Amino acid sequence: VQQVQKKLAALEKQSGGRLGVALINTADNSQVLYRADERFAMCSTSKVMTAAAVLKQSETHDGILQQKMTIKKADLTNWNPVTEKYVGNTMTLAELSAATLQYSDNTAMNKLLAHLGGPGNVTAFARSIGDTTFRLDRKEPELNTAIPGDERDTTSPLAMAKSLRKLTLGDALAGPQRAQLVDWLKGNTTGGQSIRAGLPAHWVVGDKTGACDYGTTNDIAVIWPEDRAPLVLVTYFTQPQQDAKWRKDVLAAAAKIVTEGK
Ligand SMILES: *C(=O)[C@@H]([C@@H]1NC(C(=O)O)=C(S[C@@H]2CN[C@@H](C(=O)N(C)C)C2)[C@@H]1C)[C@@H](C)O
């Protein structure tokens, strides 16, 4: 059905930006692709691979998720909805992971990066699960420049869709860790206006949004349409002006377009 292709193409043209979509239907492994092999800056969506790297460690290191880290007034970044509540005290890695994933807390992200030894370690983890496109280069907030043509902190919609699938439904993570990642993605509190907005209200969704410079507005999610096989969806969107406004409505439209009737 190229109807979807035409609709996506029109959506992009009308938006005046560059749209990236990758949908994987686990029912038969069919895919809906639109610039699925092009690179897009990930913004907060890179936080999923990051949190997953920590979960991977917990498979061998027992109780690591309960390990504590101190939050100093110096760790605070441009967005600390949760961490700012702990300046002077501690947060476990689980709490930190939850904070970065569900509230997109930047301080929490850098705390996880520090724990992992830097962005290069997240990239290594991605490679270990077969993702040869993903690449994390900087920490928060520099990783959000999203400069057109810059390959730093980018990935493709398809590569991210495959990795999200491997992580949440596949074998990239062990049972317990897989369940925690899914639980965290379902508990996201910032996706209300994105992919979720374009889906029937009773469908169950796990997702991670993101928004940064050049009006880059992203979202990656796993969708369970009632009792049907899960859908893995990545909607990436970026614009020409560095100061462009975010277009969460564009991702919602894209989501409706590709998931309608699934
Ligand atoms: C990540 O991409 C940045 C971070 N992540 C997200 C996100 O939704 O994933 C938010 S955007 C959110 C809606 N717009 C802002 C505002 O409306 N609030 C005050 C409610 C927050 C945030 C931009 C991170 C890299 O900085």
# chains A, B, ... in the order shown; residues from 1 in each chain; ligands from 1
call {"tool": "closest_atom_pairs", "arguments": {"of": "chain A", "to": "ligand 1", "cutoff": "10 Å", "atoms": "only C-alpha atoms and all ligand atoms", "output": "tab-separated table"}}
result
residue	atom	partner	partner_atom_place_in_ligand_line	distance
A:41	CA	ligand 1	2 (O)	9.5
A:42	CA	ligand 1	2 (O)	7.3
A:43	CA	ligand 1	2 (O)	3.9
A:44	CA	ligand 1	2 (O)	3.2
A:45	CA	ligand 1	2 (O)	6.2
A:46	CA	ligand 1	2 (O)	8.3
A:47	CA	ligand 1	1 (C)	8.5
A:77	CA	ligand 1	26 (O)	8.9
A:78	CA	ligand 1	26 (O)	6.8
A:79	CA	ligand 1	26 (O)	6.1
A:80	CA	ligand 1	26 (O)	9.2
A:81	CA	ligand 1	19 (C)	9.3
A:100	CA	ligand 1	5 (N)	8.7
A:101	CA	ligand 1	9 (O)	8.1
A:102	CA	ligand 1	9 (O)	8.4
A:103	CA	ligand 1	7 (C)	7.3
A:104	CA	ligand 1	5 (N)	4.8
A:105	CA	ligand 1	4 (C)	7.3
A:106	CA	ligand 1	24 (C)	6.1
A:107	CA	ligand 1	26 (O)	9.6
A:109	CA	ligand 1	25 (C)	9.1
A:139	CA	ligand 1	25 (C)	9.3
A:140	CA	ligand 1	25 (C)	6.5
A:141	CA	ligand 1	25 (C)	6.0
A:142	CA	ligand 1	25 (C)	8.5
A:143	CA	ligand 1	25 (C)	7.3
A:144	CA	ligand 1	25 (C)	5.6
A:145	CA	ligand 1	25 (C)	9.3
A:188	CA	ligand 1	9 (O)	8.9
A:189	CA	ligand 1	8 (O)	8.2
A:190	CA	ligand 1	8 (O)	4.8
A:191	CA	ligand 1	8 (O)	6.2
A:192	CA	ligand 1	8 (O)	9.0
A:193	CA	ligand 1	13 (C)	8.8
A:194	CA	ligand 1	8 (O)	8.7
A:207	CA	ligand 1	9 (O)	9.2
A:208	CA	ligand 1	9 (O)	6.0
A:209	CA	ligand 1	9 (O)	3.5
A:210	CA	ligand 1	2 (O)	3.0
A:211	CA	ligand 1	2 (O)	3.8
A:212	CA	ligand 1	2 (O)	5.5
A:213	CA	ligand 1	2 (O)	9.2
A:216	CA	ligand 1	2 (O)	8.4
A:217	CA	ligand 1	2 (O)	7.6
A:218	CA	ligand 1	2 (O)	7.4
A:219	CA	ligand 1	9 (O)	7.4
A:220	CA	ligand 1	9 (O)	9.8
A:246	CA	ligand 1	14 (N)	8.0
A:248	CA	ligand 1	13 (C)	9.0
call {"tool": "write_last_selection", "arguments": {"atoms": "N, CA and C atoms", "output": "short mmCIF file (atom, residue, chain, number, x, y, z; two decimals), in the first residue's frame"}}
result
data_model
loop_
_atom_site.label_atom_id
_atom_site.label_comp_id
_atom_site.auth_asym_id
_atom_site.auth_seq_id
_atom_site.Cartn_x
_atom_site.Cartn_y
_atom_site.Cartn_z
N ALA A 41 19.56 13.42 14.18
CA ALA A 41 20.07 13.60 15.53
C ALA A 41 19.04 12.95 16.46
N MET A 42 19.51 12.20 17.44
CA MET A 42 18.63 11.48 18.36
C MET A 42 18.02 12.27 19.52
N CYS A 43 18.66 13.36 19.94
CA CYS A 43 18.14 14.14 21.11
C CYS A 43 17.96 13.22 22.30
N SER A 44 16.85 13.38 23.10
CA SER A 44 16.72 12.49 24.26
C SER A 44 16.49 11.03 23.96
N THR A 45 16.22 10.67 22.72
CA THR A 45 15.92 9.27 22.43
C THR A 45 17.13 8.35 22.57
N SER A 46 18.32 8.94 22.63
CA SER A 46 19.54 8.17 22.80
C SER A 46 19.55 7.60 24.23
N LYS A 47 18.74 8.19 25.10
CA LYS A 47 18.66 7.76 26.48
C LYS A 47 18.20 6.31 26.64
N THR A 77 22.04 20.30 35.04
CA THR A 77 22.17 20.77 33.67
C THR A 77 21.01 21.69 33.33
N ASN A 78 20.61 21.72 32.06
CA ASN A 78 19.52 22.58 31.62
C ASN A 78 18.13 21.99 31.88
N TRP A 79 18.08 20.76 32.38
CA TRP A 79 16.79 20.12 32.64
C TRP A 79 16.94 19.03 33.69
N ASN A 80 16.50 19.31 34.91
CA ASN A 80 16.63 18.36 36.00
C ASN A 80 15.33 18.23 36.80
N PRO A 81 14.22 17.89 36.13
CA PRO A 81 12.94 17.76 36.84
C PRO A 81 12.97 16.86 38.08
N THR A 100 15.73 9.60 33.71
CA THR A 100 16.13 9.99 32.36
C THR A 100 15.10 9.53 31.34
N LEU A 101 14.54 8.35 31.55
CA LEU A 101 13.57 7.79 30.62
C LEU A 101 12.15 8.34 30.70
N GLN A 102 11.65 8.54 31.91
CA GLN A 102 10.29 9.00 32.11
C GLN A 102 10.08 10.51 32.19
N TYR A 103 11.12 11.25 32.54
CA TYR A 103 11.02 12.70 32.62
C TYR A 103 12.10 13.37 31.77
N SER A 104 12.91 12.55 31.11
CA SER A 104 13.98 13.04 30.25
C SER A 104 14.97 13.91 31.02
N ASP A 105 15.20 13.56 32.28
CA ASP A 105 16.12 14.31 33.13
C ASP A 105 17.56 14.24 32.58
N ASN A 106 18.10 15.39 32.19
CA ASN A 106 19.46 15.45 31.64
C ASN A 106 20.57 15.14 32.64
N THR A 107 20.42 15.62 33.87
CA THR A 107 21.42 15.37 34.90
C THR A 107 21.52 13.87 35.13
N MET A 109 20.87 11.57 32.97
CA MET A 109 21.52 11.00 31.80
C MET A 109 23.04 11.05 31.96
N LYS A 139 27.85 14.34 25.75
CA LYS A 139 26.97 14.20 26.91
C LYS A 139 25.94 15.32 26.84
N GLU A 140 25.09 15.43 27.86
CA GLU A 140 24.08 16.48 27.90
C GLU A 140 24.74 17.79 28.34
N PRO A 141 24.38 18.92 27.71
CA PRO A 141 23.37 19.07 26.65
C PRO A 141 23.94 19.16 25.23
N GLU A 142 25.26 19.19 25.10
CA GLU A 142 25.90 19.31 23.78
C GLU A 142 25.39 18.34 22.72
N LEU A 143 24.98 17.14 23.14
CA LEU A 143 24.49 16.15 22.20
C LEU A 143 23.21 16.58 21.49
N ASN A 144 22.65 17.72 21.89
CA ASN A 144 21.41 18.20 21.28
C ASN A 144 21.57 19.29 20.22
N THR A 145 22.77 19.50 19.71
CA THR A 145 22.95 20.54 18.70
C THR A 145 22.19 20.22 17.41
N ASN A 188 6.59 6.43 30.56
CA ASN A 188 7.03 7.73 30.07
C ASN A 188 5.92 8.75 30.26
N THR A 189 6.27 9.93 30.76
CA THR A 189 5.28 10.97 31.00
C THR A 189 5.32 12.14 30.02
N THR A 190 6.20 12.09 29.03
CA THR A 190 6.32 13.19 28.07
C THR A 190 5.84 12.88 26.65
N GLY A 191 5.30 11.68 26.42
CA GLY A 191 4.88 11.34 25.07
C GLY A 191 3.44 11.64 24.67
N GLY A 192 2.67 12.21 25.59
CA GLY A 192 1.27 12.51 25.32
C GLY A 192 0.91 13.20 24.01
N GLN A 193 1.78 14.07 23.51
CA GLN A 193 1.50 14.80 22.28
C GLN A 193 2.15 14.23 21.02
N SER A 194 2.92 13.15 21.17
CA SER A 194 3.62 12.57 20.03
C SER A 194 2.95 11.35 19.41
N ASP A 207 7.34 4.36 25.14
CA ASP A 207 8.06 5.25 24.23
C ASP A 207 9.03 6.21 24.90
N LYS A 208 9.88 6.80 24.08
CA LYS A 208 10.84 7.78 24.54
C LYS A 208 10.86 8.91 23.52
N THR A 209 10.49 10.09 23.97
CA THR A 209 10.45 11.25 23.11
C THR A 209 11.78 11.97 23.13
N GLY A 210 11.86 13.03 22.34
CA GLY A 210 13.06 13.82 22.26
C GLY A 210 12.83 15.06 21.42
N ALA A 211 13.48 16.15 21.79
CA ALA A 211 13.34 17.39 21.04
C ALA A 211 14.58 18.23 21.27
N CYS A 212 15.16 18.74 20.19
CA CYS A 212 16.34 19.56 20.33
C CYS A 212 16.45 20.61 19.22
N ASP A 213 17.63 21.20 19.05
CA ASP A 213 17.82 22.26 18.05
C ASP A 213 17.33 21.89 16.66
N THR A 216 14.12 19.82 15.95
CA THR A 216 14.13 18.37 15.89
C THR A 216 13.18 17.82 16.94
N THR A 217 12.22 17.02 16.48
CA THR A 217 11.21 16.43 17.35
C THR A 217 11.15 14.94 17.05
N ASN A 218 11.49 14.11 18.04
CA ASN A 218 11.52 12.66 17.86
C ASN A 218 10.71 11.85 18.85
N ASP A 219 10.57 10.57 18.52
CA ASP A 219 9.85 9.63 19.36
C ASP A 219 10.07 8.23 18.84
N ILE A 220 10.36 7.30 19.74
CA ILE A 220 10.56 5.91 19.37
C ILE A 220 9.68 5.13 20.34
N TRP A 246 9.17 23.03 17.93
CA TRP A 246 8.97 21.59 17.87
C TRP A 246 7.62 21.24 17.25
N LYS A 248 5.48 18.17 17.52
CA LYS A 248 5.04 16.88 18.03
C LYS A 248 3.83 16.39 17.26
#
call {"tool": "residues_around", "arguments": {"residues": "residue 198 in chain A", "least_positions_apart": "3", "cutoff": "7 Å", "atoms": "only C-alpha atoms", "output": "PyMOL selection string"}}
result
chain A and resi 195+252-253+255-256
call {"tool": "residues_around", "arguments": {"residues": "residue 8 in chain A", "least_positions_apart": "3", "cutoff": "8 Å", "atoms": "only C-alpha atoms", "output": "ChimeraX atom specification"}}
result
/A:4-5,11-12,34,254,257
call {"tool": "closest_residue", "arguments": {"among": "A:48, A:204, A:234, A:172", "to": "residue 136 in chain A", "atoms": "only C-alpha atoms"}}
result
A:48
call {"tool": "atom_distance", "arguments": {"atom1": "CA of residue 203 in chain A", "atom2": "CA of residue 223 in chain A"}}
result
7.2 Å
